[PDB]
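Both counts, for ligands and for their atoms, begin at 1 and track the order of listing. Each residue takes its place number in the sequence, starting with 1. What's counted below: heavy atoms across the whole structure, side chains too, no hydrogens, waters or symmetry copies.
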Amino acid sequence: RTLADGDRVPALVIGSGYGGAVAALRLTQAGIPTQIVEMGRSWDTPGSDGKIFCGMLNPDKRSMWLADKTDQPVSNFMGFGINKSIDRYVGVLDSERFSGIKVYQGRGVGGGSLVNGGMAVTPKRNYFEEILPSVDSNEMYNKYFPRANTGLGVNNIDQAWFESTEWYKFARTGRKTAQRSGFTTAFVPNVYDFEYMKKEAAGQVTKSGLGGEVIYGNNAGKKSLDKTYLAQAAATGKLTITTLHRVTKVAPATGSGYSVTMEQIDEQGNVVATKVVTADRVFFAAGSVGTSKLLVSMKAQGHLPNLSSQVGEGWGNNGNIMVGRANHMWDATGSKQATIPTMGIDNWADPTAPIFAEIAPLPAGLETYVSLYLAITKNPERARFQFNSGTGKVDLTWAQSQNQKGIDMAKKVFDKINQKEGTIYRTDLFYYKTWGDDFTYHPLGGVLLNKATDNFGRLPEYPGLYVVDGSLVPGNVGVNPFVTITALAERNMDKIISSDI
Ligand SMILES: Cc1cc2nc3c(=O)[nH]c(=O)nc-3n(C[C@H](O)[C@H](O)[C@H](O)COP(=O)(O)OP(=O)(O)OC[C@H]3O[C@@H](n4cnc5c(N)ncnc54)[C@H](O)[C@@H]3O)c2cc1C
Ligand SMILES: C[C@]12CC[C@H](O)CC1=CC[C@@H]1[C@@H]2CC[C@]2(C)C(=O)CC[C@@H]12
């Protein structure tokens with residue numbers, strides 16, 4: 001059963017996304033009874049319509065975390081994406097507003113794996129060696145990265161099927177125009193079962209990726225963490241998952257261990273109870289934003305006053321920038337679009353315009369002629385979290401203007417394709433904005449490896465406290481982050497379990 005006030009637990013993992021799922025798997029396999037505390041719900045119970053998740057075409061209360069309206073980056077575009085009113089509910093996608101950026105995050109058992117596009121990319125070794133020089137890259141490349149990819153269930157699309165299917169016409173068009181401008185394109189591996197997708201196209205199985213589902217969950221096909229790491233962790237019989245509990249405070253307990261305060265909420269987000277449990281070891285896996293907010297609050301409120309001054313520093317947005325281009329009539333993108341991106345434009349090696357851009361679907365169900373892109377740029381800008389005395393809240397200092405360096409990098413590539421194709425940008429996808437620069441899907445940093453923590457995620461001032469999630473990464477990895485977070489967690493857990501436990 002779930003955690004009760006007064007309980008004493010060997011290992012408590014806060015959060016159940018990538019870092020938390022790796023921690024839980026490795027701890028329980030080591031034979032350590034482990035409690036995961038997750039603020040969202042378990043997504044294994046059908047809603048009204050008999051399905052677990054809602055699709056993007058007709059979202060309902062299941063879409064958003066405690067909100068009165070849906071929120072998608074593309075709004076009111078040709079019948080698609082219009083924000084509708086919903087009941088407040090513990091829905092799957094949180095659009096967390098800070099002053100200069102909104103951070104999209106998954107909420108529920110599996111964290112971001114529930115809502116993400118499944119793109120599983122291993123960073124370039126050269127860049128990896130440069131941004132994380134304290135990490136033994138041989139171990140990462142010979143062992144931890146492969147371990148992560150295999151554990152996550154990464155697979156590749158059948159390229160012959162890709163070429164023929166109407167569902168990926170948008171990607172073929174995006175590839176064609178990138179290549180005509182001299183840019184390199186690459187297939188991108190994914191945790192979505194591509195064999196299942198072929199059956200979807202054949203009309204043989206329930207459509208998910210071919211049925212307008214992704215950011216509010218996938219009823220089928222996508223290997224979210226509850227199907228991989230967490231299923232394996234639960235299989236040991238040593239895992240307990242406590243859902244609908246938000247951790248609010250961590251402080252040294254008397255005698256040993258740490259007191260963990262949590263708010264139990266009902267499905268409407270009302271706090272129904274407050275509990276305190278004592279844990280010998282605590283693994284922060286609440287995500288780049290969640291972990292940073294917790295540690296910054298704990299330090300500023302005098303609960304963990306000895307934390308490093310580096311706590312809260314070095315947050316980045318993985319240089320996320322979105323943009324859409326108009327194609328001419330002969331470069332249709334298709335009325336049937338898979339929701340799972342499979343193709344990227346890799347220009348990272350170009351020091352003048354270092355970007356990796358995925359060709360994203362805009363599944364509106366009609367021909368829009370739009371090529372949509374999500375670009376990861378090598379934006380050097382960073383921000384920090386800081387506790388605000390007046391409000392009792394943690395603020396993020398990121399300013400929207402800090403995205404300008406990323407836009408300039410992206411522009412260099414997209415302007416070149418626009419010149420070759422004689423096309424213009426769309427300005428109606430995001431308030432007459434061309435560049436989608438006020439949100440990120442990829443928050444990274446805040447509690448940097450070997451800066452705020454030791455070289456393995458330990459908080460040295462408080463033995464037994466560990467950080468295992470995206471807050472460790474220095475703001476940008478040059479590709480979709482989850483494979484990196486998983487592999488880094490794999491590395492750290494290996495050392496912690498072998499050294500500390
Ligand atoms: C819409 C979307 C699309 C994306 N697409 C891709 C993609 O295709 N490929 C890729 O590599 N990455 C992608 N990402 C990013 C990827 O999902 C994240 O990098 C990744 O999930 C971060 O892992 P994490 O373990 O750090 O934290 P998360 O996965 O964010 O998990 C944090 C967990 O902790 C829980 N939590 C938070 N605070 C508390 C608290 N105080 N108490 C209890 N529980 C708490 C949260 O509810 C959540 O379940 C995308 C993200 C989104 C949101
Ligand atoms: C690119 C991304 C977000 C990144 C994911 O990995 C894949 C993905 C699929 C559908 C896209 C979404 C961005 C926002 C979009 C464009 C919408 O608003 C509806 C469809 C959505």
With no hydrogens and no angle check, just 3.5 Å: does a side-chain donor-acceptor pair link [X] and [Y]?
| X | Y | answer |
| --- | --- | --- |
| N218 | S224 | no |
| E213 | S208 | yes |
| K249 | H303 | no |

Using a strict cut-off of 4.0 Å, indicate which atoms of ligand 1 neighbour a heavy atom of [X].
| X | value |
| --- | --- |
| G19 | 25 (O) |
| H245 | 42 (N), 43 (C) |
| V37 | 43 (C), 44 (N) |
| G470 | 26 (O) |
| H442 | 6 (C), 12 (N), 13 (C), 14 (N), 15 (C), 50 (C) |
| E38 | 33 (C), 34 (O), 35 (C), 44 (N), 46 (C), 47 (O), 48 (C), 49 (O) |
| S16 | 33 (C), 34 (O) |
| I485 | 19 (O), 22 (C), 23 (O), 26 (O) |

message: Is there a polar contact, in the sense of an N or O pair closer than 3.5 Å, between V74 and ligand 2?
response: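 The answer is yes, given that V74 and ligand 2 share an N or O pair closer than 3.5 Å.
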- prompt: Is any N or O atom of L372, backbone or side chain, closer than 3.5 Å to an N or O atom of ligand 2?
  reply: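 N/O-N/O distance under 3.5 Å: no.
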Between [options], which one has a non-hydrogen atom sitting closest to [atom]?
| atom | options | answer |
| --- | --- | --- |
| atom 10 (C) of ligand 2 | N190, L362, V214, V188 | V214 |
| atom 48 (C) of ligand 1 | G117, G110, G106 | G106 |
| atom 45 (C) of ligand 1 | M119, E358, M39, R246 | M39 |
| atom 32 (C) of ligand 1 | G111, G108, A286 | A286 |

message: Please classify the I340 to ligand 2 contact at 4.0 Å (heavy-atom distances, strictly less than): side chain, backbone, both or neither.
response: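 The answer is neither.
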message: Is it the case that the ring center of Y18 lies less than 6.0 angstrom away from the ring center of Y229?
response: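 No: the rings miss the under 6.0 Å criterion.
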Ring centre gap for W435 and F430 strictly below 6.0 Å: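 No, they do not, as the ring centres are separated by 6.0 Å or more.
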Heavy-atom pairs closer than 4.0 Å: do any link ligand 1 to the side chain of [X], the backbone, both, or neither?
| X | answer |
| --- | --- |
| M262 | neither |
| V479 | neither |
| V115 | both |
| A285 | backbone |

- request: Could you tell me whether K495 sits above the aromatic face of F456, with NZ or CZ closer than 6.0 angstrom to the six-membered ring centre and within 45 degrees of the axis?
  value: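 So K495 does make the cation-pi contact.
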- prompt: Which of parallel (below 30°), tilted (30 to 60°) and perpendicular (above 60°) describes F414 and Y373?
  reply: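 Geometry flag for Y373 against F414: tilted rings.
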- prompt: Parallel, tilted or perpendicular for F194 and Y192, by the 30°/60° rule?
  reply: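 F194 vs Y192 ring planes: tilted.
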task: Could you tell me whether atom 51 (C) of ligand 1 has at least one protein heavy atom nearer than 4.0 Å?
output: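 Yes, because at least one protein heavy atom sits under 4.0 Å from atom 51 (C) of ligand 1.
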Proximal ligand 2 atoms for [X], defined as those under 4.0 Å from one of its heavy atoms:
| X | answer |
| --- | --- |
| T339 | 9 (C) |
| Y441 | 3 (C), 13 (C), 14 (C) |
| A360 | 1 (C) |
| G117 | 5 (C), 6 (O), 7 (C) |
| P341 | 7 (C) |

field: Heavy atom of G81, distance to ligand 2 below 4.0 Å
entry: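 Judged by the 4.0 Å heavy-atom criterion, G81 does not count as contacting ligand 2.
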